[PDB]
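Observations on the three-dimensional arrangement
Each chain, letter by letter, is given below.
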Amino acid sequence: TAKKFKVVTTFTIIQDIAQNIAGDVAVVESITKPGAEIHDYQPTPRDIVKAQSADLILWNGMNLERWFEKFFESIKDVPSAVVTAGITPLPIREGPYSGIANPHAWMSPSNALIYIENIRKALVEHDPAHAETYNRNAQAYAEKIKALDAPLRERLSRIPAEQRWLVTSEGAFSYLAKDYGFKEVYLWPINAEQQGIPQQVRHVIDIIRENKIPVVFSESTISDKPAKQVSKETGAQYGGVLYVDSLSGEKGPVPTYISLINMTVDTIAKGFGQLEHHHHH
Ligand SMILES: [Fe+3]
Ligand SMILES: [Mn+2]
């Protein structure tokens, strides 16, 4: 046993999925650290050395990592593989990135099955000595992912169809919302330096009032102030922080991809539940 196969990923969600497929035969590390904003990340000297020492670099594609193309020119002789081949993209419909794909495809557990297949394929090609282990681990992990669907639908099952409105800060939840029959409302379509957010906050305030939507959310890598501003003006609850663009650290609340799907869905469902402060009417 010499130095293992080294895989570097752009961000933490892919790192955790890949590390489950790799098991103990490869080391998988993320360029961005937990909590860091991933769309407009600015790579550092540490990041170049890490990628340059890898045997394989994995990235999302779908224009997620706006920094990756420039970064990857500084890497010599390290193969890269996008993990989203075969994903059916949803478009960004408004704002300066209209017509660019929504990149957050991993928020659908059924899409995670496609991520798994693509990562498995790349590991098997680039580290064939461990092909049997990658295949066995990919199959076992896909089984765990498939087992999420029914309990996730159960958690959300008490919100009738017309009330299934998911109001978040970044429009990062479109793939999850489509799989579970939610209508999405966002404060900005995709993370970026951009115009138009104050007007969209006013727009979203109007939608929440019209439809009596009870809860709004923020996400773990961006500011909660606009969501709190919506809560103040509408009387909707601030439902707390959802996880989409990053895991937490290994000793935090969202250490794994599976914990990210579970906690995000549980936090959404808690926002619609009536189990707060009760009196005897
Ligand atoms: Fe995002
Ligand atoms: Mn880990």
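Residue labels used throughout are counted from 1 along each chain in written sequence order rather than taken from the entry, whose numbering may differ, and residues without coordinates are not included. Lettering for chains starts from A, numbering for ligands starts from 1, and both go in the order in which the items are written. Side-chain measures were taken over the full set of non-hydrogen atoms in the model, leaving aside hydrogen atoms and water. Residues with missing side-chain atoms are left out of burial classes, side-chain pairs and their counts.

Judging from the entry metadata, X-ray crystallography is the method by which this structure was determined, and 1.8500 Å is the reported resolution.

Details of the packing of helix α4 (residues 109–126) against helix α5 (residues 131–146)
A fitted line through C-alpha atoms serves as each axis, taken over the contacting stretch for helices, and the angle formed by two N-to-C directions is quoted from 0 to 180°. By the criteria applied, helices consist of DSSP H or I runs no shorter than four residues and strands consist of E runs no shorter than two, each listed in order from the N terminus. The geometry of α4 relative to α5 is characterised by a closest axis approach of 10 Å and an angle of 175 degrees between their N-to-C directions. It follows that α4 is roughly antiparallel to α5 by the angle criterion. Contacts between α4 and α5 involve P109, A112, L113, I116, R120, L123 and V124 from the former and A131, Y134, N135, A138, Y141, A142, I145 and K146 from the latter. Throughout, the ten residues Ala, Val, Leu, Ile, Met, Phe, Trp, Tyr, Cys and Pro are labelled nonpolar, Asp, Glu, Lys and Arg are labelled charged, and all others, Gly among them, are labelled polar. Each residue belonging to the contact of α4 with α5 can be placed in one class, and the counts come to twelve nonpolar, one polar and two charged. In these notes the angle categories are as follows: under 35 degrees is roughly parallel, over 145 is roughly antiparallel, 65 to 115 is roughly perpendicular, and the rest is oblique. Contacts were defined at the residue level, with two residues in contact if any of their heavy atoms lie within 4.5 Å.

Comments concerning the domain arrangement of the protein
Domain annotation for the protein reports domain 1 (5–157) and domain 2 (158–272). Reported domain spans reflect what an automatic or database domain assignment gives. Computed from C-alpha atoms alone, the centre-to-centre distance between domain 1 and domain 2 is 23 Å. Counting residues at the interface gives 43 residues for domain 1, matched by 43 residues for domain 2. Summing the contributions of domain 1 and of domain 2, the shared interface buries around 3500 Å²; its carbon and sulfur component is 63%. The quantity reported as buried area is the accessible area (1.4 Å probe) lost by two parts once they are put together, taken as the sum for both.

Details of the coordination of the iron ion (ligand 1)
In a perfect tetrahedron of four donors around a metal, the angles come out at 109.5 degrees. In a perfect octahedron of six, they are 90 or 180 degrees. Listed donor atoms are N, O and S within 2.8 Å of the metal (Na, K and Ca: 3.2 Å). As water is not included, a site may look incomplete. Protein-derived ligands of the iron ion (ligand 1) are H39 (NE2), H104 (NE2), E170 (OE), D245 (OD) and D245 (OD), with the metal-ligand distances lying across 1.9 to 2.3 Å. Counting the intervening residues between successive donors of the iron ion (ligand 1) yields the motif H-x64-H-x65-E-x74-D. Here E170, found in strand β5 (residues 165–170), pairs with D245, found in the loop between β8 (237–242) and α10 (257–272); they are 75 residues apart in sequence, far enough to count as distant.

Some words on the environment of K178
Relative to the elements of secondary structure, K178 occurs in helix α7 (residues 174–179). Considered as a pair, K178 and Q15 are 163 residues apart in the sequence and their alpha carbons are 25 Å apart.

Quick notes on the sheet that holds strand β2 (residues 26–30)
A pair of strands is considered paired only if DSSP assigns at least 2 bridges between the two. Here four strands make up an open sheet; going across it, the order is β2-β1-β3-β4 and the pairing parallel. Looking at which strands have only one partner, the edges of the open sheet turn out to be β2 and β4 (80–82). On average, each strand axis in the sheet is inclined to that of its neighbour by 25 degrees, with strand direction left out of account. Strands in contact with helix α1 (residues 12–22) are β1 (5–9), β2 and β3 (56–59); relative to β2, the strand with the most contacts, it is inclined by about 175 degrees.

Topic: the UniProt feature "binding site: Fe(2+)" in the protein
UniProt positions are given in the numbering used here, feature names are shortened, and annotations may be inferred rather than shown by experiment. According to UniProt, the "binding site: Fe(2+)" feature falls on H39, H104, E170 and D245. Sequence-wise these annotated residues cover 207 residues; spatially they are packed, their C-alpha atoms never more than 11.5 Å apart. A relative accessible area of 0% means that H39 is categorised as buried. Setting aside anything within four residues of it in sequence, one finds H39 in contact with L64, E65, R66, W67, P103, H104, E170, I190, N191 and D245. Residue classification places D245 among the buried residues on the basis of a relative accessible area of 2%. Residue contacts for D245: discarding those within four places in its chain leaves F11, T12, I13, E37, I38, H39, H104, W106, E170, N191 and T221. A 3.5 Å cut-off defines polar contacts: any pair of N or O atoms within that distance qualifies, except that in protein one atom must be a possible hydrogen donor and the other a possible acceptor, and neighbouring residues in sequence count only when both atoms are side-chain atoms. Reaching out from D245, the side chain makes a polar contact with the side chain of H39 at a distance of 3.0 Å. Note on classification: 1.4 Å probe, protein chains only; a residue is buried when its accessible area is under 20% of the maximum for its type, exposed when over 50%, partly exposed between these limits.

Let's talk about the pairing of strand β6 (residues 183–188)
Where β5 meets β6, five bridges bridge the pair, whose relative direction is parallel. Each bridged residue has a counterpart across the sheet, and for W165 the counterpart in β6 is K183.

Points about the nonpolar core
Grouped together as the largest cluster of nonpolar side chains are 61 residues, with contacts concentrated most on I17, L58, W106, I119, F182, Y257 and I268. Among the elements that line this core, the one with the most residues is α10, at seven residues. Among all residues touching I119, those that are not within four sequence positions of it are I14, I17, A18, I21, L58 and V83. By nonpolar core is meant a set of buried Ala, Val, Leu, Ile, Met, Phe, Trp, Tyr and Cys residues that side-chain atoms within 4.5 Å join together. By size, the runner-up hydrophobic cluster in this structure holds 16 residues, among which are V167, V185, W188 and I207.

What to know about α5
Taking 1.5 Å per residue as the helical rise, α5 with its 16 residues ought to reach 22 Å, and the 22 Å between its terminal C-alpha atoms agrees with that figure. Where the residues of α5 are buried, they touch β1, α1, β2, α4, α6 (149–155) and α10. Expected span of a helix: the number of residues minus one, times 1.5 Å.

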